[PDB]
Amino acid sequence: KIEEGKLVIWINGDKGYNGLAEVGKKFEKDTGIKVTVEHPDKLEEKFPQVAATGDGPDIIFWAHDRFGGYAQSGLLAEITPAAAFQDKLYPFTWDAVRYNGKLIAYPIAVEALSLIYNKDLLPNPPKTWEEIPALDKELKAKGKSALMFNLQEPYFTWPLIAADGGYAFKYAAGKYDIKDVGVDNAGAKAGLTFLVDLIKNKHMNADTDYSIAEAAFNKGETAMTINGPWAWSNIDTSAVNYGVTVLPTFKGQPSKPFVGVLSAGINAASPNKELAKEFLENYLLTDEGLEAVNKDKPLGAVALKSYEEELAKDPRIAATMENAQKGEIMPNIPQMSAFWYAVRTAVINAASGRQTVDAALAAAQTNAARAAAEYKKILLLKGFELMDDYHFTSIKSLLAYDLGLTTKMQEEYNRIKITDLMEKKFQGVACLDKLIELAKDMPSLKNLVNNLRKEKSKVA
C-alpha cells in the first residue's frame, strides 16, 4: 500500500533530487503534507514491478519514452490539467506525454546530449567524428585523451548510430510502425563500426561507464565528453573551463540524439492524486520551483514558458536545443523498452568483440521488432497454464540459473511472471524452444510439448 496523506517521489540519481526536495519542503510548510524524494537504482525498472502490486511512489520522474509502457500496463493516472495550465507549457512537450489520446504525465524539461569540451585542453573542438583519432594521438603524447563518454547505455552512443541513417521505429502516416526498425540498416552499421574502431584503436575503452567518464573529464584527464544538462553542475564545481557545443558530424551528417522530455507521472494506485497534481502544477512547474531544481542540476530547456525565456539566454541551453533540433523526440510507445534493451546488447557486444557489428545489429533488429506478446501468449496459455503446480515448480527450478531465480522467487513467482522473464531471456520462438527442451523428458507433459511444437510452426 501507499501511505495516504503524504507524497513519495522517485527521480533518477543524476537529476537534482535535492532541489526537488526543497520544493517538497515548501509544500510541507504550506500544507502539512510531508514530501519524501528518493532516487532508487534502476527506478525505471523498479517502478513497473512495485506499481504492478499497488506499491511504489506517488509520483515518478523519468524521460517520456518509458511512460507509454507504464500507461499501457495501467500503472499511471490520466492527468487532467486545466486549459489555463496547459497554456503555460510549450505545446510540443504536451505531445511527448500524450498516449492513446490521454495525457499521462506532466512535462518538465527537454534534454539532449551535447559535446562538452575542456576549453584549456582543446580551444577548437572537432567538427567531425573522423578527426578525433588524430586529436587523440596528439593528446596522448601529453598524457591526456580526446574523448570519454558512457559506453554502457545506448542513449549516449545513439547519436552516432543515427547520424548516417540509423533509426528506431519508422513514423508512417501519423503513427510509429513497430515492425519497421532501422537499427541494422547501412547507416546504423556505419556508425557503430566507427565506434568499435575507436575502441579497437585504443582511443576509447569498452568498459567506460558514466562514473568513469564524468570523473575523467572533471579531473582534466580527457578533452571531451558526451553528456546532457544534468552533468553541467559537477563540471562547475570542478576546475575545468568547459564549453557545450554541437555534437561532431559523421560522414558529413549531424549526430542525431534521441531527445527526452523529463516527465512526472502519477501512480494509478496513489491515494494522493489530488495532492500530486497540486505539488506538480503549482509548486514544481513554477519559476520558483523549477529554479530550485535547476540550481541543483540543470534541467535543460524547461517546458514552462515563462522560465524557459530566461534559460534560453544561456549558451549551454542554445547548444542543447541545437543538438535537439538535429535529433528527434523519443517515441513513448511501449515497444521502446524492447528497443533500448536490444540496442544496449548490440553496442556492448560489438564494443567488447563478442559479436561483429553486423551480428550485433542483426540480433538487435530482430529482437526490437519481434512480436513479444504473441509468443508470451503462446508460452503462457499453451505451455505454463497447461502443466500442474508440481510441474511448474520443477520447471522454475530448471530455469533458476537462466532467469536469476532466487529461492524466494522460485517459491512465489507465478506463471505470468515466469512467462515474462522467460521470453525476455529467450526472445521470440526461442522461449518455446526452451520450454520444449525443458519439458521434453517429462512423460506427463508429452501432450503439452506436442502442441508447443505444432503451435510454434503454426505461429511461423
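Numbers follow the displayed sequence, beginning with 1.
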Please compare 357-365 with 282-290 and name the stretch with the higher mean C-alpha B-factor in the deposited structure.
282-290
With reference to the PDB entry, specify whether the mean Cα temperature factor is higher for 413-421 or for 52-60.
52-60
Specify which of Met336, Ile226, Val261, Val240 carries the largest Cα B factor in the deposited PDB entry.
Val240
Reading the B-factor column for Cα atoms of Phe156, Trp94, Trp129, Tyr375, the highest value belongs to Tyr375
Lowest, middle or highest third: where is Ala231 by Cα B-factor in its chain?
middle
Ranked C-alpha temperature factor of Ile212 among modelled chain residues, by third:
middle
Assert third(CA B-factor, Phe85) within chain per record equals highest
Thinking about Cα B factors across the chain, which third does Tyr171 belong to?
middle
By its CA B factor, does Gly16 count among the lowest, middle or highest third of the modelled residues in the chain?
middle
